[PDB]
Amino acid sequence: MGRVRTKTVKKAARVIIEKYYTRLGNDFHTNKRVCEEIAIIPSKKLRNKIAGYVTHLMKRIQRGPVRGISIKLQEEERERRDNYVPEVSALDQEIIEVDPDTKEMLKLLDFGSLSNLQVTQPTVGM
Amino acid sequence: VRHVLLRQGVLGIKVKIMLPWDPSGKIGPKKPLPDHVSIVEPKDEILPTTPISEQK
Amino acid sequence: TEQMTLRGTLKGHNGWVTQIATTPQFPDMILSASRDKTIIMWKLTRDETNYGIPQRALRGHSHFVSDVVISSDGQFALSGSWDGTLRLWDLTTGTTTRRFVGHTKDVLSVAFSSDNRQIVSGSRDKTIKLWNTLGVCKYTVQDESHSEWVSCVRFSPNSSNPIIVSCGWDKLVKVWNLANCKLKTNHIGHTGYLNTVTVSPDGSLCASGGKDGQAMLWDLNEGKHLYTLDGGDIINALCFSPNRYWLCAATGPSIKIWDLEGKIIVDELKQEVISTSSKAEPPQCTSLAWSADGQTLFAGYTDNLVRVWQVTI
RNA sequence: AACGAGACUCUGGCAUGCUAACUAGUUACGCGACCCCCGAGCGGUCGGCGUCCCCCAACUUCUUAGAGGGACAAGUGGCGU
Ligand SMILES: [Mg+2]
Ligand SMILES: [Mg+2]
Ligand SMILES: [Mg+2]
Ligand SMILES: [Mg+2]
Ligand SMILES: [Mg+2]
C-alpha cells in the first residue's frame, strides 16, 4: 500500500488552497472538478491525489489554523486579537501594593504612597 | 554517440541534451514534465458589494 | 401554529439524493435522482409501515445525475447528467426515447417549459443552451453569459413574457429575454458562489442562495433587491410553497421555513440525536421539493435517504 | 536546489453509457427448406433442432477498437504528541 503523499502532492494542495479557498468545499468530487479547472495537472492520477489532499486540508482548516496556509479570512481574526482583547478598558492598574526592602529602594528614589508591608517567613526557601 | 580515430586507438563521444519545453513549438516538445503542476491566478476581485441591480 | 413534523422516511438508494420532482396529475408518484447513475420512480403507499416503495429504476447513464423534471402531464421525464447529456425518459416503460448532446462538460441543471416546447440547460461549459423536444440545439448563449459554471437556470411560469432566470458561480443573477436571448437585467450582491434560484408560482420573486448563507429576493418587472433572509451556514436549494406565502430553504444539516409577511422563521426542521464521534455528525440536506398538495415536503440527504415532512396545526 | 524514489509509459480488471461495422455478429421474422412428433394438435397450424439458405429487416448485448468516465485512504469507527 503505502499511501504517503509525495511532496509534489503536498505543495500543489497547499498553493491551491491559498489562492482558491472559497471554491474548495468539503466533498471530493466537486474539488476534483475545481482543481481540474484552476491548475494544469498533466495526468488523471495526479489530479485525483491532489484533489484528495485538498479535502483533508479543508476538513482540517474548518478547525484552527494550519501552519502552511495563510488564508485571508483567517488572518483578520488574529489581527483583531492583536489590535485589542475583550478583557479590559482600564489598564491593569497602577493601584498595586508591595512589601519591604522596596520601601527603602524608593526611599532613595523618593516615593511616598500606595503601598503595604509584610516581613516574610524568617528563613530562605525550604 | 560517435567515434574518433587518433594515432593511439579510438576515443568515444557521448552527448545528451535536454530540450526546453517549447509550448506548441518546434524548439522542444509540448506536454511538460509529468510532475509539473502549475496554478494560475487572476485578480480584480473587488468584494465591495451592496445588492445593486443593473438593467439593460 | 402551522408546524412541520417528521412523517416518514424513504429508503432504497445507494448514493446522495440530489433532486426530487412532483406533479399534480399524479399524487402517488415521485421522482428522485441520485448520485449512483440512476433515478427512481416511487409508489407512495401512504401507510406508515413504509411510506413508499421503489416502483421502477431508470438506468442508462455514465456519471452522476444532476437534475430531473417531469413533463406537464406526468408521462415524460427529462434528466440532465454530469456525463454531459440529457435523456428524455418515458415514465411508463423506461426506454429513453430522445437524448441531447452538445455541452462539452457536466450538465449541472435543466428546466422544462410549461407548454413542453422548449428545454433549457446550464453546465460547467459556462454556457446556456436551448433545445427543441426533437433534440436539435436551438440556441447557445456563449456570449453575454456567465464567466463560470451556470449552476442553475429556471423557466418563468409567467403569463405571456417568456423569461428565464439564471444563477451561476460568478456570483451574479441574470434574467433573460426569450425570442432575443439578450440579458434583460442583472442582479448583483451575493458574496460567494450560487447554488440555486427559484421563482414563485405566479412569478415575482427569485429566492436564490449559495455560499453566502443568505437567501436574497428579487423583482421580476420592477428589478430591485427586495430583501435578504439570513440563513446560517449554506443554502443548498430553495423552494416556494404551492398554496401559501412560504419559502423553504435547505441549510446544511437542517431545513428552515420563512413567512414572508414580516419576514420571520416559521420553524427549523431538525433531525434526531445520534452518538456520531465527529465534525459534521449530520448528513446534510441536498434538495427538497414541495408537494402539489402543499401538505408535505420531501427532502433528500447525503446518507442515501429521502425524508418526508408533513404540516400539522 | 539537482539526480535516484515517486510521477511516467504499456498491460490486466468495469461500463447493456458514446462512436459504428457483409473482413464480427445477434434478435427477429420475409423467409423458405430438412427432420422428427418430440408436446396442443394429426402429420400443418401451436411448438421443438440448424455453423440449412436468404433480407435492399432492426440493432451493437456477445466481437473488434477509439474518445472520455472510474479510486482518492474519498465515507464511517478506533489508535496517533
Ligand atoms: Mg495502471
Ligand atoms: Mg480486454
Ligand atoms: Mg451460426
Ligand atoms: Mg482508456
Ligand atoms: Mg478519520
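Residues numbered from 1 in each chain as written, not as in the entry; some residues may be left out. Chains lettered and ligands numbered in written order. Part of a larger assembly, values for the part shown. Heavy atoms only, no water.

- The PDB entry lists chain C under the name Ribosomal protein RACK1, from Oryctolagus cuniculus.
- The record deposited in the PDB is entitled "48S late-stage initiation complex with non methylated mRNA".
- Note on chain C: under the UniProt heading Sequence similarities, the record states "Belongs to the WD repeat G protein beta family. Ribosomal protein RACK1 subfamily." (UniProt positions renumbered as here; feature names shortened; annotations may be inferred.)

- Per the PDB entry, chain A goes by the name 40S ribosomal protein eS17 and belongs to Oryctolagus cuniculus.
- In its Subunit (literature references left out) section, the UniProt entry covering chain A states "Component of the small ribosomal subunit. Part of the small subunit (SSU) processome, composed of more than 70 proteins and the RNA chaperone small nucleolar RNA (snoRNA) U3."
- Its UniProt record gives chain A a comment under Sequence similarities, which states: "Belongs to the eukaryotic ribosomal protein eS17 family."

**Quick word on the nonpolar core**
Residues and elements named next belong to chain A.
Link 1 in the chain: Membership of the largest hydrophobic core comes to 30 residues, with the highest contact counts inside it found for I17, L24, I50, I61 and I69.
Link 2 in the chain: If you list the elements that add at least two residues to this core, you get α1 (9-19), α2 (28-38) and α3 (44-61).
Link 3 in the chain: With 8 residues, α3 is the single largest residue contributor to this core.
Link 4 in the chain: If we skip the residues at most four places from it in the chain, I69 touches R14, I17, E18, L57 and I61. (Core = buried A, V, L, I, M, F, W, Y, C linked by side-chain atoms within 4.5 Å. Buried < 20%, exposed > 50% of the residue type's maximum accessible area, 1.4 Å probe, protein only. Helix = DSSP H or I, 4+ residues; strand = E, 2+ residues; numbered from the N terminus. Contact = heavy atoms within 4.5 Å.)

**Quick look at a positive patch on the surface**
Link 1 in the chain: Together, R14, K59, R60, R63 and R67 of chain A together with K279 of chain C make up a region of like positive charge exposed at the surface.
Link 2 in the chain: Within the fold, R14 of chain A resides in helix α1. (Patch = residues over 30% accessible without salt bridge, like charges linked within 9 Å, V, L, I, M, F, W, Y side chains within 5 Å. Areas by Shrake-Rupley, 256 points an atom, 1.4 Å probe, with all protein chains shown as cover. Salt bridge = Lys/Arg side-chain N within 4 Å of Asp/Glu carboxyl O. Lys, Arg positive; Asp, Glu negative; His and termini not counted. Charge placed at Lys NZ, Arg CZ, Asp CG, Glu CD.)

**So, the packing of α2 of chain A against α3 of chain A**
All names here are of chain A.
Link 1 in the chain: For the pair α2 and α3, the least separation of the axes is 9 Å and the interaxial angle reads 120°. Here α3 runs oblique to α2, going by the angle between their axes. The hand of the α2/α3 crossing is right-handed. Contacts from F28, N31, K32, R33, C35 and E36 in α2 reach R47, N48, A51, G52, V54 and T55 in α3.
Link 2 in the chain: Broken down by class, the residue content of the contact of α2 with α3 amounts to 4 nonpolar, 4 polar and 4 charged. (Axes fitted to C-alpha atoms, helices over the stretch in contact; angles between N-to-C directions. Parallel < 35°, antiparallel > 145°, perpendicular 65-115°, else oblique. Left-handed = near helix turned anticlockwise from the far one by under 90°. Nonpolar A, V, L, I, M, F, W, Y, C, P; charged D, E, K, R; others polar.)

**Points about the UniProt feature "repeat: WD" in chain C**
Link 1 in the chain: Listed under "repeat: WD" in the UniProt record, and renumbered for this structure, are residues 12-43, 60-90, 102-132, 145-177, 189-219, 230-259 and 280-310 of chain C.
Link 2 in the chain: Annotated as residues 189-219 of chain C, this span is 0% helix and 32% strand, and its ends, taken at the C-alpha atoms, are 14 Å apart.

**Looking at the sheet that holds strand β25 (residues 264-269) of chain C**
By way of backbone hydrogen bonds, the strands of a sheet pair with one another, either parallel or antiparallel.
All names here are of chain C.
Link 1 in the chain: Read from one edge of the open sheet, 4 strands run β22-β23-β24-β25, paired in antiparallel fashion. Unpaired on one side and paired on the other, β22 (238-240) and β25 mark the two borders of the sheet. Averaged over all pairs of adjacent strands, the angle between strand axes in this sheet comes to 20°, irrespective of strand direction. (Pairing = 2+ DSSP bridges.)

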